[PDB]
Every structure is written in structure tokens, then in C-alpha cells.
Amino acid sequence: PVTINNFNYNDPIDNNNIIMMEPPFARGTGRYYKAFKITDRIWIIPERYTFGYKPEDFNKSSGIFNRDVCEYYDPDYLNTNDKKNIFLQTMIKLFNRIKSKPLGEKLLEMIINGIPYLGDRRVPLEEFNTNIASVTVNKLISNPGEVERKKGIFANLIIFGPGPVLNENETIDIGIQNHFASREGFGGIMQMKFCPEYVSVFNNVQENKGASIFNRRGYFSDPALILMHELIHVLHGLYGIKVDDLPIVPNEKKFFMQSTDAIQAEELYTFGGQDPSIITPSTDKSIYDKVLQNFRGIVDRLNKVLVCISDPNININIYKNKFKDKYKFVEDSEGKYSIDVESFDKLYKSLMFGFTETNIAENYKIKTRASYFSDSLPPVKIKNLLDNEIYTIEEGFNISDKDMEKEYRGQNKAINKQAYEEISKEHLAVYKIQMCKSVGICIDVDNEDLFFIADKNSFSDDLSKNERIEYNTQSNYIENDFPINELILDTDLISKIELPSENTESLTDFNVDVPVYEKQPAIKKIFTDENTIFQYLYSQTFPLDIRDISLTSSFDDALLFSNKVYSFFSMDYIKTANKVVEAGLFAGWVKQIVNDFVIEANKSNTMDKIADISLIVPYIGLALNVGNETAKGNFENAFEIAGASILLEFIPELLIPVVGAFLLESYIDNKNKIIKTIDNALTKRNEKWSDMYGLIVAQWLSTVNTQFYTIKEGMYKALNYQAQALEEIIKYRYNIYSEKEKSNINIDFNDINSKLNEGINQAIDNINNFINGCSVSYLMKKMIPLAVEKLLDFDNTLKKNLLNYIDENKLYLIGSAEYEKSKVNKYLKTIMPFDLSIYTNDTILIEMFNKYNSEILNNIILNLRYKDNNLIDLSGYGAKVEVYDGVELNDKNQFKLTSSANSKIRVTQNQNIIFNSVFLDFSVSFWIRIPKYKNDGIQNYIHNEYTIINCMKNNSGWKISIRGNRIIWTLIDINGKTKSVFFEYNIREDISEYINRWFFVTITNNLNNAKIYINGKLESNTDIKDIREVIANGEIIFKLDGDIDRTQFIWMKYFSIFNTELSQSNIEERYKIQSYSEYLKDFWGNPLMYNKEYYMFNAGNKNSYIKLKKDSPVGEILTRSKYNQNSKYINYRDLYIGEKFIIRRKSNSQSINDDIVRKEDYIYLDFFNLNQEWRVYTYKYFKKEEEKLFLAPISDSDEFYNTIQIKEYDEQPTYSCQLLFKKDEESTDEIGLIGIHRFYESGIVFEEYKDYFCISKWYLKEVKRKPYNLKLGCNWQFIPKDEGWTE
Ligand SMILES: COc1cccc2c1C(=O)c1c(O)c3c(c(O)c1C2=O)C[C@@](O)(C(=O)CO)C[C@@H]3O[C@H]1C[C@H](N)[C@H](O)[C@H](C)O1
Ligand SMILES: [Zn+2]
């Protein structure tokens, strides 16, 4: 077990556990430091770390040491014995807390036992040299006032107090002659600068910190975790694996890019969590190999070490046994040490992926920042770590007795204020970028708030190198994971070999490199007239010396005037917010504007389903003007067009290497070796794909996802400024009143704040979901495809390479050069589907990915929509769309294909989309309007089949075609095998619901079936089991092709494709979504229009029509005439019959030209009687429950109702609509609905029943029933003349 020692600063020096040490960087000169051995090989020096610093640097200046830390200064820390002792007692408490759990004890045990090798690169393989500054440190044995006598000792860790910046903890290693033993397998004395009172503060993004912007927000760190984070560095340094490699460097070419030090993989491994995924698998292996090579040199030394000149006392055997166990080397019967691959593997992973800040936090139930790449807030001072009421060895701050265990309450700044103090800002220093405009006017932005964008150079191009494939060659994958459970239960990790005595010969060679630090400007001034995220966020603030402000939608006035603040909320919200009222109305106004704030913020949940976008936060553009000037125009629209890319401040230049060639080595006459090779080249091929994916993930995380992070924070800040501004205004208006009035004003400022804060949290959640959605979108559509492209090119190049190989050895393969010839094709046929979870196990990142893949709309690989008189693909995959001259396009997304050759659309699909799922799994949806057959051309109509959409590549693919009243879907696999499914509508109906009328089509394909849906309902099915591979990513041609009549045309709308089979539910939903409109429709399915002649149709009496009765002002109902010719294939009822009606608008006299009819509009229903325009009327005073409508010339009579409100009571899609007569617009008094009534007529001559055009109250209740009665006599449809229908 581990034993923590105990002592007080004032305890006497005994030259054993309390000594006068001579620190490595002292170079054998200068005074000594009283040091205490807290545990074996570990020392604590309770004093400021001054090595490499200037005495003045300890004071706060206009400089800074690190560009990414809100630095705290206080040169008095540790300036008295009592302060030192407190430092000591605190370190002791922390070490005890660390060992309070297995995982911590083991980390400590590994460190104590991980003694530095005796020597470094300069030392001969046969020697042990303790006389170097990385192995031995001295202690002054003689009395005070003279360095006369000194003894050398071995040591693993020396922990000092903090350097200039107290909250800037760092673990330091020893360099000698430009080299580091702690980076080359040896390990070396580690040093640390640590401060336990002043800890970091972090605030979880997707999470709330007490859920309230008005209270302190965030969480403070458990110093024990901060210490264990440093200890992990020590561990790495002690085992000599703290190696360097290709780092993550930030791009600093643009002014909005965050500037900072290069981040080594060793750092990200130490943090754990998602950070390791920012290190490409390529670089993971580079490091792996470097460490393994270091261990080989050390293991070779153990087989050659013979003596130790520096210290005649060193027992050669004892150390050989210690290092053998330290490095987990395998000995052998003779004493020959060698490396065991399994054991090495386990040790390496334990050190780089087991002991991580992330794993230790989860284990000690301590909260920490979600990622290394997270904004850094101001640090706080812990009041008293030595007070068990605030901090305990067992639980830290999260004490269950104080009910501070759940949700890390003890670390919550808004909840555990009795545990910490805020810091005096006048002691903090941060690196800022002073953004100035060319005039002058400047805004300060903390470097921390900028976008961190990894530069291209941060990534390895090892994928572009060639590789030799031999019967040997095997695949190599490094797991950035490690089961902490086995690590904690591991029985051999922790050594049980004697720890050598720490006493040895004094160090005489003080040669060592000592770092030199120095501050740099805390402010860097740049020039830019750009008004991006920083300026926009600024426009939303106001000086502390101003209390009277007014909101404005004008960004420019907001910057110009200090009393004007910018707001991205609605114009109505801004006017109300600036409204000044009487004290007697203040309360009302407060509730009103606060309620508005919530509604405005709540718009973050806006849907845009018609555009195949479930979530959109319309105001993000106005809020930050981030990326491609998203503050101009309509964001939603600009988003539907370019998508997530428009939100990025910068489009990274990705590194996507041309995968190196495979040099295959052949073995003549060997049936086994030659084969083994091929198989290995196959598996190695997979390592290439995976490695390419990891390369992408790493770039996505450090160049893209970081930008979206900055945007999420930007919105949290923007929404916050808005709440505070409203807070300011309210405070100001209230305080204008007298105390007498305030007493009678009913306001609860805590309720106002509670509601404002709630609306914000609700918005933050939407924004987070939205933004994470975008980020994953960019990964899958803008990054994965560019990689798939290369990998596919590599495959082909490898395909021939392998065949040509199975070719040259066709001899030494005899009757098998074939069995594998295919093996190569069938293998390079199936590709590896991307899976983010393979490159990371971070829960948040996985949920983002799964959430994305569960949204059916992300399966759209083509979506042709209209934009600026043209069709473009808005799927996000960038298909090229060529629309030729013979195609007609309207802004209602309708496109017409005619008989002319130039009436076609060429679509070149994206070749890099995993479409070939290996069984055929995709859907196609679209609306179509197919004209009626010409009566004089029925024969050709039912006989000639013609293609309309063709997608073929290598005589394989799919096709949509038409033959008369039948639409057909056809599949053709690579073998030329064909399967079809079709939907044919009847052409002998009095009234067809399809002929020349818009309707929704949906075709789905899965391994077994090809199904066709019409208007959401399944119509046909075809077993497609035999069909083999079908190539569907070929070019798509929209064009009427076949033996068609010159007049033959076709209308289509919303053509889209999904790389998956849609369910009956997804389809029914798409039908409803695409059917929706504010306006009503006409019989054909087009928008109902004002001032357009229409014949009237009645869904409750199909074959009936209205006619003005000869002798009376009523409309009789006659039977529609039918198809007179003699064909046996056709039958219908005339539609161009009866009166010709025309809908007139009731309000705003903007003339009588045209316009769309919208639900609930008030109209006049007129019609033409010869050369005059008449109107439909209702006698106001009828007592019966229905009467004949009154048709007569246009006139104003107080005895007749002439105003109609066009309605839509059906909740499901329909082209029918209803006509309601109301007393007047305002009145809720309903007269009745227009329909048809049968009356009995008995005259001196004729006795019969006759139907008339009527109004009736009966329908009022009928239209409320569910499901909606489509047969009701009050359901009408308007039919206008249409080239698609001739009778
Ligand atoms: C126990 O039934 C009733 C009791 C009291 C009042 C009522 C009714 C009633 O059944 C009823 C109706 O069925 C209808 C109407 C109605 O007003 C009432 C009552 O007031 C109105 C209607 O005739 C229209 O002209 C619509 O524009 C439609 C409908 O008539 C049906 C039957 C008619 N004879 C005719 O066949 C018509 C075409 O359909
Ligand atoms: Zn670190």
C-alpha cells in the first residue's frame, strides 16, 4: 500500500525525510530548499517555483505568459512559515484523498516504483551512471552556513509551489544537451509547480449550472483531480514515454482564429474523453512505435549493463530486477531479458488510456470540463481545504451529509458558495485581441472566445506512403480505450520488487537545460472592418455608467450609440420593450414584455418540414452574423440552400491523402505464402479505410466541431445579453416611479428573472440540438464523401494490382488462381460503413451521431427544388443539375416535361455516397400530374410505353416509365435481370381521382420487395428476391422517351431520393407535409385562384352539376353528360359543363385581376349569365333548416346575404373545400353551408324529385364528425379549363 508521511514545516532537518535539497535547475549553486518526503521517492518543496522567472514577473503586469489562461497573480502566496505549513498539510490531505481509492493508490504506486533508469542516451549500454541531473539530486548534510558536506539521493517527483501564475499548474521534465530522458525510455526526475487553493472553473455547455443566468454559473475543480492530472504527466515522464510527435497546431492566419501553443498528443491522452480522437490513428501508431523502440534500447541495456562507475555501491542485480519489473520485460532461464508484446501492450495502454483525467474523474465521482478544448473561466479560491465540513478525503466537495453528492452539487458555484471566494479581477490578466476598425473604434475580445481551428499541418500524411505486403504483414489498431475495471483489479500491474535505497554518491555533473520564461503583451491590436460574431455580440452590451437604454433592430445604430442595444428578436418585441407606461399599467406591461421574450426565444423550436428540415433556429443569423453574412436576408432560406456550411466562420482545407500503393512481394512455388500475402493486402486495405475515417474524425473535431462550439457559446451569450437588457429597461422604468406608486405596483423581480431564465434554457436546448445536428451534417456530407472518393480510387488501383498479381503467379496457384480471383473482387466489393463510435466512445459525440442517423430526413441523397428559376439539389450532397431549355419551371416547384428533345434534366449523382448497401435499399418520392388521354388517340395511349426518368450505368439501374394509365418502376441488375412493379388507375370512371390531377408517388426497395405507394397508401408489391446487384448512382435523365404523341407532356414536383426504404408511416407523413398549404386547391390540385373561371364539382354528387334554371333565380342540379364515342377502353363524365363560376375577393379594392384564395377568406361566389356577371345569394329570413340559393344579378339588398367564407374542415389532404354563409365577418352566427337538397315536386302534370343548389344548417354539425365525411354534399371542387383534360 502507499504510506503518506506526516510533518510540520517547522520540524527539524534529519537529512533523511526532511532535508535541504538542491533542486536540479539550481545547477549546484544558490541556496537550498527545505524539502519534505511525503512518500517514498516523492518530495514536497513548499515554496514558489522561481526557476526561469524574473522576481517582478510575480506581480500582475500588462503581460501574460499563456495566451489561453485567465492568469491570477499574488506574490505573497507562501511568504510565511505558516503559509508553507498550510501548503504542506494540504498536499498531505490531497495525497490521502488520492489514495483513498484503488485507482489512485495504483497511480501513486506506479509513480513511486517507476524509478528513472540510471543514465540516459549518452550513457554506454554496459554502464549505469547515477551522476546526471535526471537521476540524482543532492541534500546538504552539513550544518547551516556552509555547503561543506552533501549526499546524493535518487528521486522520482519533486513538487514545488506555484510559479508566477498560481492557477497555471505544470509538470516539468529534465533536459540535458537538448535531450530528455523522460522522452526516450529512461524516465527522469520529474518536477511540478502546483497550487491547491486556486482552482479552475468550467461550465458545461449542453448542461445547466443551477439553471440560471442571474446567479453564479459553472463548477469549480476538485484540486485532487487537478493534482492527479499532473501526476499522470509524472507517470508518463517516469516511464520515459512522455514522447513528442506531430502536434495539433492552431491556424492563426485569420483574425478570428484562436492563437495558442502546439498541443502534443501526450496532453490529449492525459485528458482522455474525446480528446484522444483528435489524434489520428496514424499518429497514435507513430507514438506507439516510438515508445516501443525506446523500450527496446532499454531492454538491450539490461542485457549489457555490467557496472556503475558513478556509484560503487549500486547493486547491479537489484536494479536489473527493478527495471525488469518496471518495464514488464520478460526474463528467461538464463537471465536474457526480452520484450513481451502482450505485456508491453497492456502497460502502454494502461499508462496512456487507463490513467486519464476523464477516467479518474468518473471513478472518484468528480466533475470536470467536457473537453480539453473548452473556454477557460476565472479561477476561484477555495476557502479552506483543511475544513472537513467543506472538503473531505473521502468525497472532496461532494459530501453526502451536506447533500452535496448528487449532481456534483459541492462543486456547483451557485450552490456551494460557503466553499469558495471570487478573485479580485485587478489581479487577473488575459490575452485579448483588440479588434479595430480603419478609422477610431475598437472592441476587446479575449483570445479564449475566438475560434480554435486546427491547421492542416496538425495531421499526419502517413496514409500517402506505400506499404510492402508479405505473408507476414498483419493489421494494426490501437485502442484509445482501456477497461478501468481490470486496471483497478489488475494483480500484476503494481510491482512487488524491492525499491532500492535512495542514498547514493553526490551529483557532481550539474549540467542541465533550464527553461527561460517571459511575459508577452496581454493585448494584440489588429485591424478589420468585419462585423462578425464579436462585433454583433458587442452591439448587444452597454457601459456600466449607463442605466437608460432602448433596444434597436439596427446593428449600426447600436454600435454608434451607447444608449442603444441591439436585439435580434421581432420588431414587435422591440417596440413593446421600449414602450413607457403609467404606473397603473406597469405591472401589465411587465407580464406582457416578459411573456414576449419567452415567445421570441421559443422560436428556436421552429420547424421547416416542407423543406425537409425538422429544426431551425431562425434568429441565429441576426444574433451573431457568423459565417457567410448570415445576418442578411432570410436565414432559414439561406440555410435551406447551403445548409450548415453557412454557419462556419471558416471552411477548413482538409487533408485527404492519396492512399499509397501496395508493393506486393511474391514467393515462387509457395502456395501458402503467395496466398497469405493477398489476404493480408485485403485486411490491410481495411486498415486503410478505418485509418482514413479516423483521420477525418480528428479533423472534424478540431477544425469544424470547435467552430460550432464557439457558436453555441455565442448564442448563450446573445440570449443572455437580451435578458439583461430587458432587465435593465424594466429596472429603469420601475425606478422612474415614486415610492408611493412603487408600493402599489405589483412586481416580483425574482419571478421575472425566473421566467426569463427559463425561456433561455428552453432555447439553449434547441440551439444545442440544432447546432450538433449541423456539425454532424457537415461531417457526413462535406467530409466523409471527400474521403470515400479517395478510398474508392485506392480500391480500384488495388483491385488491378491484386488481379495482376494473382495473374503473374497463376502457375504457383494452379487450380485456385480463380477461387481467389473472385475472392479479391467480392472482398473489394463490400466497403466499410462509417461509424463514429469506432473512433471515440464519448457519450455526447455518440448520441449526436445516433440522433442524426435516426432522423429519416438525413437519408435524402437527392432533393430537387426550385430556386431563382432553376432546379437545384438541396440534399447537401451537391449533385450537378442540368436543366435544359425545353423544361418549364414555376415557383410552385412544378416542372413540365414535353415532347421536345430539349425538354430534359440531367442529374449527375454523387459517386461517394454509400448507396451500394449490398442488397438494394432506397426510396424515391415525387408528385406527378399525367394528362388525360386524347379520345381520338386512345389506341396509342394504351399501347405505347415511354420512359420519363431513366437512371442507368453499365446497362444496370432503375427506370420510371409510363404506358397510358399505368406508371411503372423497373429494376435491372448487373446480370440484365429485370423486375417491375406498377400502378394503374382506372380509365372508365365517371370521375377519376387521378387523371390529370396531382398525386403523390413513393417507391421503396428492400432486399425482398419493390413497393409502390400512391397518396400514402400501398398499392402494388413485387418480390425482387432474385434481382442481384443494381447500380443506382448512375446519371439520372428526366425526359419523355418513347413513341409519344407531340402533345404528350408530364408535370412533376418534389422529386427526391432516399438511400433507405421508407416505412408506410414516413410516407403517409411526407404526403401530409407536401400536401399542406394556406391556400385551397382546385380540382386538378393547383392553387385556387381569384378571378378565374371555374365549373363546379360536388364530391357528394359526383355526376351532378349546377345550371341556372330558365324561369327562376335558382340553380337546378342536372346529371353530367358522358363520353359519347364508342371505345370500350374509356368512360367519363364531362367536367366542362354547367355555369361558369368565378371567385371574387371581398376585401381591399386592389382591382379584379388575380390572386390566391386562402382558407377563411371572405368572398363573393359569382358566375356568368351570358354577357353579365351574377352572384350567389341566401335569403336572410328562412325559418326552415335549408332553402334554395338565390341566383341573380349583382346588387345590394338588405334582404340577402352575399358574403361567403371559404373553409376547409377536412384535416386530411383534399382538393374539396366548403362554402359557409355567416351573418357578417365578425359575427359568430352561422347561416349554413352551400350544398345540394332533393325536393319533392308534384305538379298537375309531373310528379318527381329534383335537386337544387342550396344552403343548409345541417352541415354545420356534420363537418365536425371524425373521420371527415368526404361524401358530404357540402364538399365542392373548382374545375378550370386545362390542356390536360379534353372532352
Ligand atoms: C332528421 O333530419 C333532419 C331534421 C331536421 C332538419 C333537417 C334534417 C335533415 O336530415 C337535413 C338534411 O339531410 C339536409 C339538409 C337539411 O337542411 C336538413 C335539415 O334541415 C340540407 C341539404 O338538403 C342541402 O341543400 C345542403 O346544401 C343536405 C341534406 O339533405 C339530404 C336529404 C334531402 N332530402 C336531399 O336528398 C339532399 C340532396 O340530401
Ligand atoms: Zn496536462
# chains A, B, ... in the order shown; residues from 1 in each chain; ligands from 1
>>> select_by_dssp(residues="range 276-482 of chain A", states="alpha helix (DSSP H)", output="PyMOL selection string")
chain A and resi 281-302+316-326+341-349+357-363
>>> write_last_selection(atoms="N, CA and C atoms", output="short mmCIF file (atom, residue, chain, number, x, y, z; two decimals), in the first residue's frame")
data_model
loop_
_atom_site.label_atom_id
_atom_site.label_comp_id
_atom_site.auth_asym_id
_atom_site.auth_seq_id
_atom_site.Cartn_x
_atom_site.Cartn_y
_atom_site.Cartn_z
N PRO A 281 -5.45 7.94 -35.93
CA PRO A 281 -4.93 6.60 -35.64
C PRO A 281 -3.49 6.51 -36.15
N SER A 282 -3.22 7.21 -37.25
CA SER A 282 -1.88 7.21 -37.83
C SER A 282 -0.88 7.66 -36.77
N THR A 283 -1.11 8.85 -36.23
CA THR A 283 -0.23 9.40 -35.22
C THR A 283 -0.24 8.60 -33.92
N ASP A 284 -1.34 7.90 -33.64
CA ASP A 284 -1.43 7.07 -32.45
C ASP A 284 -0.34 6.00 -32.56
N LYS A 285 -0.22 5.42 -33.75
CA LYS A 285 0.75 4.36 -34.01
C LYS A 285 2.18 4.89 -34.12
N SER A 286 2.33 6.12 -34.60
CA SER A 286 3.65 6.71 -34.70
C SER A 286 4.24 6.73 -33.28
N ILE A 287 3.46 7.25 -32.35
CA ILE A 287 3.85 7.34 -30.95
C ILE A 287 4.09 5.92 -30.42
N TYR A 288 3.11 5.05 -30.62
CA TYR A 288 3.25 3.68 -30.18
C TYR A 288 4.64 3.18 -30.56
N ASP A 289 4.92 3.17 -31.86
CA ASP A 289 6.21 2.70 -32.36
C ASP A 289 7.41 3.40 -31.72
N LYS A 290 7.34 4.72 -31.52
CA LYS A 290 8.45 5.45 -30.89
C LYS A 290 8.73 4.96 -29.47
N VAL A 291 7.68 4.67 -28.73
CA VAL A 291 7.81 4.21 -27.35
C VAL A 291 8.35 2.79 -27.31
N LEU A 292 7.86 1.96 -28.22
CA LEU A 292 8.32 0.59 -28.28
C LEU A 292 9.81 0.57 -28.59
N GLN A 293 10.24 1.44 -29.50
CA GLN A 293 11.64 1.49 -29.86
C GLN A 293 12.49 1.96 -28.69
N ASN A 294 11.92 2.81 -27.84
CA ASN A 294 12.65 3.30 -26.68
C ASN A 294 12.84 2.13 -25.70
N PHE A 295 11.79 1.33 -25.55
CA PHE A 295 11.83 0.17 -24.65
C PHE A 295 12.80 -0.90 -25.13
N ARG A 296 13.07 -0.94 -26.43
CA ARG A 296 14.00 -1.92 -26.98
C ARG A 296 15.42 -1.55 -26.60
N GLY A 297 15.72 -0.26 -26.60
CA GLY A 297 17.05 0.17 -26.22
C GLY A 297 17.30 -0.10 -24.75
N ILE A 298 16.27 0.11 -23.93
CA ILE A 298 16.37 -0.11 -22.51
C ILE A 298 16.52 -1.60 -22.22
N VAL A 299 15.77 -2.43 -22.94
CA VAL A 299 15.86 -3.87 -22.70
C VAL A 299 17.21 -4.41 -23.18
N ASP A 300 17.80 -3.75 -24.16
CA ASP A 300 19.10 -4.17 -24.67
C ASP A 300 20.17 -3.81 -23.64
N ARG A 301 19.95 -2.71 -22.93
CA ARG A 301 20.88 -2.26 -21.90
C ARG A 301 20.88 -3.25 -20.74
N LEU A 302 19.71 -3.72 -20.34
CA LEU A 302 19.63 -4.68 -19.24
C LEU A 302 20.43 -5.95 -19.55
N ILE A 316 24.16 -4.03 -8.97
CA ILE A 316 23.74 -4.30 -10.33
C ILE A 316 22.51 -5.20 -10.47
N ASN A 317 22.48 -6.30 -9.73
CA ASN A 317 21.35 -7.21 -9.82
C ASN A 317 20.03 -6.57 -9.37
N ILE A 318 20.01 -6.02 -8.16
CA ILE A 318 18.80 -5.40 -7.61
C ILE A 318 18.11 -4.45 -8.61
N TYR A 319 18.88 -3.59 -9.27
CA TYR A 319 18.30 -2.68 -10.23
C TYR A 319 17.81 -3.42 -11.47
N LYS A 320 18.60 -4.37 -11.97
CA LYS A 320 18.20 -5.15 -13.14
C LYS A 320 16.84 -5.80 -12.88
N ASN A 321 16.59 -6.18 -11.63
CA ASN A 321 15.31 -6.80 -11.28
C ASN A 321 14.22 -5.73 -11.22
N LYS A 322 14.58 -4.54 -10.74
CA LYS A 322 13.62 -3.45 -10.63
C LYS A 322 13.16 -2.94 -11.99
N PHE A 323 14.11 -2.72 -12.90
CA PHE A 323 13.77 -2.25 -14.24
C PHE A 323 13.04 -3.34 -15.01
N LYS A 324 13.43 -4.59 -14.78
CA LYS A 324 12.78 -5.69 -15.47
C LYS A 324 11.30 -5.67 -15.14
N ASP A 325 10.98 -5.39 -13.89
CA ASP A 325 9.59 -5.35 -13.47
C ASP A 325 8.90 -4.02 -13.79
N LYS A 326 9.67 -2.94 -13.81
CA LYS A 326 9.14 -1.63 -14.12
C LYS A 326 8.59 -1.64 -15.54
N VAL A 341 5.34 -8.83 -26.18
CA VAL A 341 4.35 -7.99 -26.85
C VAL A 341 3.04 -7.81 -26.08
N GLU A 342 2.45 -8.89 -25.56
CA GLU A 342 1.20 -8.75 -24.82
C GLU A 342 1.35 -7.85 -23.61
N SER A 343 2.38 -8.11 -22.80
CA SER A 343 2.62 -7.33 -21.59
C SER A 343 2.91 -5.86 -21.90
N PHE A 344 3.72 -5.62 -22.93
CA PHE A 344 4.06 -4.25 -23.32
C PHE A 344 2.77 -3.50 -23.68
N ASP A 345 1.97 -4.15 -24.51
CA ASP A 345 0.71 -3.60 -24.96
C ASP A 345 -0.17 -3.14 -23.81
N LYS A 346 -0.36 -4.03 -22.85
CA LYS A 346 -1.17 -3.75 -21.67
C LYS A 346 -0.59 -2.58 -20.86
N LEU A 347 0.73 -2.57 -20.66
CA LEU A 347 1.36 -1.49 -19.91
C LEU A 347 1.17 -0.13 -20.59
N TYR A 348 1.44 -0.09 -21.90
CA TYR A 348 1.33 1.13 -22.70
C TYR A 348 -0.08 1.71 -22.65
N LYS A 349 -1.08 0.86 -22.88
CA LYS A 349 -2.47 1.30 -22.86
C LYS A 349 -2.91 1.77 -21.47
N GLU A 357 -7.46 11.96 -16.94
CA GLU A 357 -8.23 12.86 -16.10
C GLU A 357 -9.70 12.43 -16.20
N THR A 358 -10.13 12.08 -17.41
CA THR A 358 -11.51 11.66 -17.62
C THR A 358 -11.88 10.40 -16.85
N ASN A 359 -11.02 9.38 -16.87
CA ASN A 359 -11.33 8.14 -16.18
C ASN A 359 -11.31 8.30 -14.67
N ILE A 360 -10.30 8.99 -14.16
CA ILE A 360 -10.17 9.21 -12.73
C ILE A 360 -11.36 10.02 -12.19
N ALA A 361 -11.82 11.01 -12.96
CA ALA A 361 -12.96 11.82 -12.53
C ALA A 361 -14.20 10.94 -12.38
N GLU A 362 -14.49 10.15 -13.41
CA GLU A 362 -15.65 9.28 -13.37
C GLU A 362 -15.56 8.35 -12.15
N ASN A 363 -14.35 7.85 -11.87
CA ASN A 363 -14.16 6.93 -10.76
C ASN A 363 -14.31 7.56 -9.37
#
>>> residues_near_ligand(ligand="ligand 1", cutoff="12 Å", atoms="only C-alpha atoms and all ligand atoms", output="PyMOL selection string")
chain A and resi 1098+1100-1101+1104+1115-1117+1178+1182-1189+1218-1221+1231-1241+1249-1263+1271-1276
>>> residues_near_ligand(ligand="ligand 2", cutoff="9 Å", atoms="only C-alpha atoms and all ligand atoms", output="number ranges by chain")
A: 169-171, 229-230, 232-233, 266-271, 357, 372
>>> atom_distance(atom1="CA of residue 58 in chain A", atom2="CA of residue 164 in chain A")
4.4 Å
>>> residues_around(residues="residue 669 in chain A", least_positions_apart="4", cutoff="9 Å", atoms="only C-alpha atoms", output="ChimeraX atom specification")
/A:674,809,811-813
>>> atom_distance(atom1="CA of residue 130 in chain A", atom2="CA of residue 178 in chain A")
18.9 Å
